[PDB]
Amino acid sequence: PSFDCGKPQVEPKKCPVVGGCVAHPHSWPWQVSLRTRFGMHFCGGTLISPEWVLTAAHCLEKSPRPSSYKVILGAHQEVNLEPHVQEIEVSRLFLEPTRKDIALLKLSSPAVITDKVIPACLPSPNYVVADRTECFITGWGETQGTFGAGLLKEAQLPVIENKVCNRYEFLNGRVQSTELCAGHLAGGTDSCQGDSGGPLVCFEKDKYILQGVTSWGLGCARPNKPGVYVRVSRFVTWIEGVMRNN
């Protein structure tokens, strides 16, 4: 039973995390929860192959010990995990070598790929997501009064091209070429604390492609303050190299 990357078996709501909506369970089957050995959620991540999870380097910077971490796959509820959820210990950590905010976790065992646990697709190397492309972020981060705490949420965010995002009114030059921006400039919808390390995916014809890793922002969901994501396409060669070498 082979499953194509980026093709959920439960079609997502795509409601047009603060704002957005609670996802249909298992409609974002690459979303993982990165947890302490005691089962405390602290970051998201994205399954990109049965043995590999992509996350933000800042999620791992406190401990270089793989035993500090475990990965929860197939979940919908944060607290009361579903019976099919897989909990897999991390074997090795690989931080991006130029110190950008992206990292790989090699799992101690491959995840079992099912209709609820499926990898996201990687983008082509150096792909640029065009201004205004509609994408989605997912996670179990905080909700700032918008409902759904404790459940996996999604939010539709359009990409804001870097040259726009860097304007004074927005992020005032801070965004690097190895980052991208996404958000609604009227505010109200955004990734927030506890979402970092998770995916920003953009639908292309018949599948979702992982274009961003939730990284940072100036608060959550503020008007004129879109979130910043690591631009995954600038790291595909590095990611593929790590997977090939390990």
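Start at 1 and count along the sequence shown; that's the residue number.
As listed in the deposited structure, the average C-alpha B-factor of 116 to 124 and of 145 to 153 is greater for 145 to 153. Per the PDB record, of the two stretches 59 to 67 and 189 to 197, 59 to 67 carries the greater mean B-factor over its C-alpha atoms. Taking only the listed residues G219, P29, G44, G212, the entry reports the highest CA temperature factor at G219.
Residue-level inspection of the entry shows that, of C165, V90, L73, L104, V90 has the top Cα B-factor. Ranked by C-alpha B-factor against the other modelled residues of its chain, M40 falls in the highest third. Among all modelled residues in its chain, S233 ranks in the lowest third by Cα B-factor. Per the PDB record, residue ranking by Cα B-factor puts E179 in the lowest third of the chain. For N172, the recorded CA temperature factor ranks within the middle third of the chain's modelled residues.
Per the deposited record, the Cα B-factor of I137 falls in the lowest third when ranked against the other modelled residues of its chain.
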